[PDB]
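Reconstructed Cβ throughout: ideal geometry from the backbone, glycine too, with neighbour counts over all protein chains shown. None of the figures in this text is laboratory data; all of them are computed from the coordinates on show.
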Amino acid sequence: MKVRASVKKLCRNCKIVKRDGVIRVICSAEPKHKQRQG
Amino acid sequence: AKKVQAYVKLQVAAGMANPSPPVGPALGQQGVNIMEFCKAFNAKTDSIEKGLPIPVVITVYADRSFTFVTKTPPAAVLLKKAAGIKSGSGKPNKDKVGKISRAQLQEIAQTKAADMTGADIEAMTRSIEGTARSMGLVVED
Amino acid sequence: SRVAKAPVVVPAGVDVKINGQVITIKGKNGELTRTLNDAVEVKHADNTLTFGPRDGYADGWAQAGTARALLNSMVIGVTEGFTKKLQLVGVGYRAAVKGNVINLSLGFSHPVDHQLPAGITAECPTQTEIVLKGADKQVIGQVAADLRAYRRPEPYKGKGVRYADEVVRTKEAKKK
Amino acid sequence: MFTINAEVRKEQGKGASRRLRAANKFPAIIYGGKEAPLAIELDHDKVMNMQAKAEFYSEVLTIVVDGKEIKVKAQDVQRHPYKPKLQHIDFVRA
Amino acid sequence: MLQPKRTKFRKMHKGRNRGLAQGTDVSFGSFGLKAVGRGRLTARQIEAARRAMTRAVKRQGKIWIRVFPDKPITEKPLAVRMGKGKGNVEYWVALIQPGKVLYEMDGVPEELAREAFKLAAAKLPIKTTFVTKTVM
RNA sequence: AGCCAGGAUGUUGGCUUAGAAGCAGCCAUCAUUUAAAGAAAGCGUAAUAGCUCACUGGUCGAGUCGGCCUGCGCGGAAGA
Ligand SMILES: [Mg+2]
Ligand SMILES: [Mg+2]
Ligand SMILES: [Mg+2]
Ligand SMILES: [Mg+2]
């Protein structure tokens, strides 16, 4: 995944979730979209 | 009117019957023939005329050849030899390019005895007006 | 809450036993017991279970709804039972079941004996098709994901163990 | 039609008008006519949404102060420099 | 890039940038990009952003720039003592107070203006905000 | 919000098209039948495509959507 300060929805299939204390992007349609550390 | 099982559409003109260069190998590659395209093809292609692009059904199950009942020609096929340019577009909307009219293509479209929508023939009338405008033409309606 | 508020109905002779936060739910096909949060309160009456917040707990409703939707599927459990099905894709990939064990042949040096737990059981219409069956929704869940784990579908062929409820997009390969 | 409630001003100066704005209110004034001008306080949230509609600035408004009906027109307004908020308003008795 | 074409003098005193801003109303177009913060803009900054907004509306509409350098900035370079005369100019900036309208635009759907004004902001050292035109 | 449906007609759209049939390209963005269906949303075929979508019927049955002013918090955060 990509990790950076500004994470974002990139597809309409992106989803933002918090897990532990950490902003993540789970896209159901494009592995490249997975982000962490927002 | 049932579901999926045989149909393509990739030709040039009733003039050419079965050709190899613009098409050829894939004019039959699954239950259809590169050789059979004058038999059911010219079962009424020459009887009437050879000079208007027309594609058709394929209907395939497992019976040797194929039962494709044929039908109509497009509406920009009648913009070369019944209305104007053989090519068309050019610079489609840099100016009016070419031009048609209401008389021009009324009967040329009113013909189809096997296609079009709505028994009102003032409606499917104009259904064809725009396939002379997908190229950017003027309205002398 | 839309979930928690929505009641759940204990069918024919499903015996239900609450003991504080401790629910038991037995029926035709098993018996499961769970422990509910604490900020959940559950009321048993008629042939229905209901759920609702508990005075002075922030998460009240959410805890209720998750509890709600759990007991529901506990009940489905001892009754219709759940069933996950996996199929095995790839030359040589076969599988079958000695007792409570599934013998998996998934291209490794050593085939794989996967032990089945508490309350799940399996069989194999085919050399290439596994089907788990049990009352515990969250356990056939794991087992399914575990048999899966041995060989997650790969993206250039779909070779691998997959749920049947699973689409497996594949891709090309880079040019040269 | 546009009805604006408003009590007159017990005090004046900046310390006083800053306090005013500190507690979601803001001051305005009324003048013209032969009357002495009247210093006022308007509630902020309410007059804000009024003026969002461009008839606020065109139409004659009716200011209600101590159960009396003053008819006026928006004459000027001072806006906070970068927040969407009013600082002060000039109403003209007309 | 912007900068005086000629100036009565070559260098200015450091100055101070206290204060609230003097051009606060979208007064030429339909939408301004306004400064919520205090600080300095540089001709390059003004410019980098200027391009950004123009990029975004292709060749449509009109744009104004309400701010402008005129304040020259010096710098001593490496390996130099303190002193021995004021530095050499090197760029120009425009002192910004909060509430300056920075850019205006007009001739586009409000939405696109936002879009452009957004992308431009990204190049500016100070926080900004999308304002609209007002009767009075 | 989910889920059952539909997703059309000129039109396989004219086109500097070798093949395009919505798709980097082509130009405009009109126009038939309907409950509504985009010369256009897409992962993307040798081209038919096969498959979900903007949009609309039904089902369900009471709330739902995100901008504004603000308090306190989260990430952004690597050294001997
Ligand atoms: Mg963890
Ligand atoms: Mg003071
Ligand atoms: Mg709905
Ligand atoms: Mg912080």
TODO: Pick out, from C:21, B:118, D:75, the residue whose Cα sits farthest towards the positive end of the charge dipole of the protein assembly as shown, with +1 on the Cβ of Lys and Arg and -1 on the Cβ of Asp and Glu.
DONE: D:75
Task: Dipole magnitude of the range C:87-144, debye to nearest 20 (Cβ charges: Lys/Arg +1, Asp/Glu -1, about Cα centre) - done: 20
Open item on the list: Compute for the protein assembly as shown: radius of gyration divided by Kirkwood radius, i.e. Rg/Rh, restricted to C-alpha atoms, rounded to two decimals.
Closed with: 1.12
TODO: Starting with the highest mean, order B:2-13, E:5-16, C:24-35 by the number of other Cβ atoms within 10 Å, averaged over the residues of each peptide.
DONE: C:24-35, B:2-13, E:5-16
Task: Order of E:66, D:21, E:59 - criterion: other Cβ atoms within 10 Å of each residue's Cβ, fewest first - done: E:59, D:21, E:66
- [ ] Taking the dipole about the Cα centre of chain B, with the C-beta of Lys and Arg at +1 and of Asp and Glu at -1, give me whichever of B:85, B:40, B:62 is farthest to the positive side.
- [x] B:85
- [ ] Taking 7 Å along the Cα-to-C-beta vector as the label spot, tell me the residue C:133-residue C:6 distance in nanometres, rounded to one decimal.
- [x] 2.9
Open item on the list: For residue B:76, project a label point 7 Å along Cα to C-beta. Then give me every residue of the range B:84-104 with its amide nitrogen under 19 Å of that point.
Closed with: B:84-101
Task: Kirkwood Rh in Å, taken over all unlike Cα pairs in the range B:72-141 - done: 12.4
Task: Positive-end residue, the range C:8-80 charge dipole about Cα centroid, Cβ charges, pick of C:60, C:50, C:78 - done: C:78
- [ ] Could you grab the relative contact order for chain E? Cα pairs under 8 Å, six or more apart, rounded to a whole percent.
- [x] 43
TODO: Please find, in a Gaussian network model of chain B (springs between Cα atoms separated by less than 10 Å), the residue of B:121, B:34, B:100 whose mean-square fluctuation is greatest.
DONE: B:121
Open item on the list: Only bridges whose two residues both fall in the protein assembly as shown count here: according to DSSP, what percent of them are antiparallel, nearest 5?
Closed with: 90
Task: 222 nm mean residue ellipticity, helices alone, for chain B (DSSP H n ≥ 4; -39,500 (n - 2.57); rounded to 500) - done: -1000 deg cm²/dmol
Open item on the list: Quick check on my link table: of B:44/B:86; A:15/D:25; E:62/E:127; C:5/D:83, which ones sit more than 32 Å apart, alpha carbon to alpha carbon?
Closed with: A:15/D:25; C:5/D:83
TODO: Starting from the coordinates of the alpha-carbon atoms of chain B, obtain the Kirkwood hydrodynamic radius over all distinct pairs and give the value in Å to one decimal.
DONE: 17.1
Open item on the list: Just to be sure I understand: with springs between alpha-carbon atoms less than 10 Å apart, which residue in E:80, E:36, E:101 has the highest mean-square fluctuation in the Gaussian network model of chain E?
Closed with: E:80
Task: Candidates D:55, D:69, D:35, ranked by Gaussian network fluctuation over chain D, Cα under 10 Å, top entry - done: D:35
- [ ] Place a +1 charge on the Cβ of each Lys and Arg in the protein assembly as shown and a -1 charge on the Cβ of each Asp and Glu, then give the dipole magnitude about the Cα centre in debye, rounded to the nearest 20.
- [x] 3980
